[PDB]
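Descriptive structure summary
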2 protein chains.
Amino acid sequence: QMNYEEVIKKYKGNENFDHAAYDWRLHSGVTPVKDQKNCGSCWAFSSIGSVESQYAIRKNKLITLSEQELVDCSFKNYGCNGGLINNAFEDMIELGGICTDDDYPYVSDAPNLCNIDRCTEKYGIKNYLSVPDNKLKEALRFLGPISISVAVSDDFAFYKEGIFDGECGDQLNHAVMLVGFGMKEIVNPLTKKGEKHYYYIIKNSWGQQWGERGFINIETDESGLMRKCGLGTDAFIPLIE
Amino acid sequence: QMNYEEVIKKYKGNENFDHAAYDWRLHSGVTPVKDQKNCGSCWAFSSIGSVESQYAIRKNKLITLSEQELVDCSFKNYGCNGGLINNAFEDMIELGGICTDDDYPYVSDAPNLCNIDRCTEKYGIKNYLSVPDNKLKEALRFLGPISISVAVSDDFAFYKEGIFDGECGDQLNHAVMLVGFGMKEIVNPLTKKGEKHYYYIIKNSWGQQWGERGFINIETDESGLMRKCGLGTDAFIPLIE
Ligand SMILES: [Cl-]
Ligand code: NA
Ligand code: NA
């Protein structure tokens, strides 16, 4: 909702930001990685995650919120059976905040009723924007991490490190969040030349013991338009201001 | 990167230096002991300390650096859950500089995002060498304090002063730094003759209020080759020149 252009003006400084790299991790913009365990609640971890980052950035406070509370009360979704990023933010506004991760611990696939009263300090969001398929690097630089969707292939799970550029999935089947971009200049193992390999920085929800400390890097170009595997086809970022 | 021999040659130089004792503490080479508390920051405190000494020596400046920024930003380590000296030095260079421990105070196990911008005067290192497993005393005398590893056994810890000697090694499980050696001449409790007891000087991270102002003495021989408990299996010294 809202209007990209409408908010980007209120934040963006007209300065053709550095398009090669910016990493929210090393700017107090990325909360610790969590682990969805055996429940298909990706949609929830990513949306919750983008909110945590909005807080860590804007209102400068670190707080982990209950993903479990979304799986239990977001009726516009299907709990462990999947959901949609934007629906989450929707139900988030309806619920007027979510209980901290501490008063409403996560319990994965274990049946669990929805109890909104399990706490008294609910953390919420004023509204949420949608980012244009070709304004990712720009939004990431001034608005913050973005909740997005992507097609995850079977080999995608084995990824242990580097700049993934493997097989993609059928269609958009997973929700993760974008936290920044970077660019390592590797050598052409064949021509042996200074080549520039650009990449996006993803935060998964499979615990730290997966990929680079829980994060994965996706190839892309300087412009930040090469969205491999359908990258950010669906892209939203919550707003608390 | 820098491979030991290239720089060690630029410094060592044969020399019949006294192999019995040299103590960087009383040569303006050892900054005050710190306390990692109930957070597994062995590796960071050890590496940081060697940097503090390098500045205190080469650039004749007394400076204490932020261990908290390493636990939060190297990513080649696992914050309070442990890490490795060399990984730290790597990432230290990647980040190009570290906040002083005053602009980036330590908060042990207390959650804390990584903000490389938490300061404006960042102190760094050009590169880092690995010192030979049988060249410690030699290195200490000319290169400066060394970051090392050791196996702390269960009966240790009560040590309040003197030259602790009791626990044996295993696989390692803690990170500290070597700061010098000495040799006290006790009397022969059996034949009563002039016996020579050599020892190493380690710099811990459990505050001044522990042992002799925080330090402990480990047995060793004149050659500086008897590394009980693996003393220095892994040994590195950062370089700022
Ligand atoms: Cl974990
Ligand atoms: Na985790
Ligand atoms: Na880093």
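Listed as the method for this PDB entry is X-ray crystallography; the listed resolution is 3.4000 Å.

Turning next to the interface of chain B and chain A. On the chain A side, the residues contacting the 14 residues of chain B number eleven residues. Interface area, chain B with chain A, both sides summed: about 1000 Å², of which 67% is carbon and sulfur. Broken down residue by residue, the surface that chain B buries against chain A is led by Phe75, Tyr78 and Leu113 of chain B, which jointly contribute 54%. In this structure, the salt-bridge partner of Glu94 of chain B is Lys184 of chain A, at a minimum N-O distance of 3.5 Å. Where chain B meets chain A, there are four residue pairs in polar contact.

Here we take up the environment of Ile93 of chain A. Residues and elements named next belong to chain A. With respect to the helices and strands, the residue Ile93 is situated in helix α4 (residues 85-95). Separated by 31 residues in sequence, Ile93 and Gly124 have C-alpha atoms that sit 7.2 Å apart. If we skip the residues at most four places from it in the chain, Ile93 touches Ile125, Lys126, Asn127 and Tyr128.

So, on to the environment of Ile57 of chain A. With respect to the helices and strands, the residue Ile57 of chain A is situated in helix α2 (residues 42-57). Remark: the alpha-carbon pair of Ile57 of chain A and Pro32 of chain A, spanning 25 residues in sequence, is separated by 14 Å.

Residue and element names in this part refer to chain B. Here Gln54 shows up in helix α2 (residues 42-57). Taking the relative accessible area as the measure of exposure, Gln54 reaches 3% and is therefore buried. Beyond its immediate sequence surroundings of up to four residues, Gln54 is in contact with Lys59, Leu143, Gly144, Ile237, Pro238 and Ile240.

A few words on the pattern of salt bridges. All names here are of chain B. Applying the stated criterion across every chain yields a total of 20 salt bridges over all chains. The closest approach of N and O atoms between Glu138 and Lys12, which form a salt bridge, is 3.7 Å. Placement of the pair is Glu138 in helix α5 (residues 136-142) and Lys12 in the loop between α1 (5-11) and β1 (22-23), with a sequence separation of 126 residues. The class for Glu138 is partly exposed, based on a relative accessible area of 24%. As a salt-bridge pair, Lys228 and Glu219 come within 3.9 Å of each other at their nearest N and O atoms.

Rules used throughout
- Residues numbered from 1 in each chain as written, not as in the entry; some residues may be left out.
- Chains lettered and ligands numbered in written order.
- Heavy atoms only, no water.
- Contact = heavy atoms within 4.5 Å.
- Buried area = accessible area lost by both parts, 1.4 Å probe.
- Salt bridge = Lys/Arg side-chain N within 4 Å of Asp/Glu carboxyl O.
- Polar contact = N/O pair within 3.5 Å; in protein donor to acceptor, adjacent residues only side chain to side chain.
- Helix = DSSP H or I, 4+ residues; strand = E, 2+ residues; numbered from the N terminus.
- Buried < 20%, exposed > 50% of the residue type's maximum accessible area, 1.4 Å probe, protein only.

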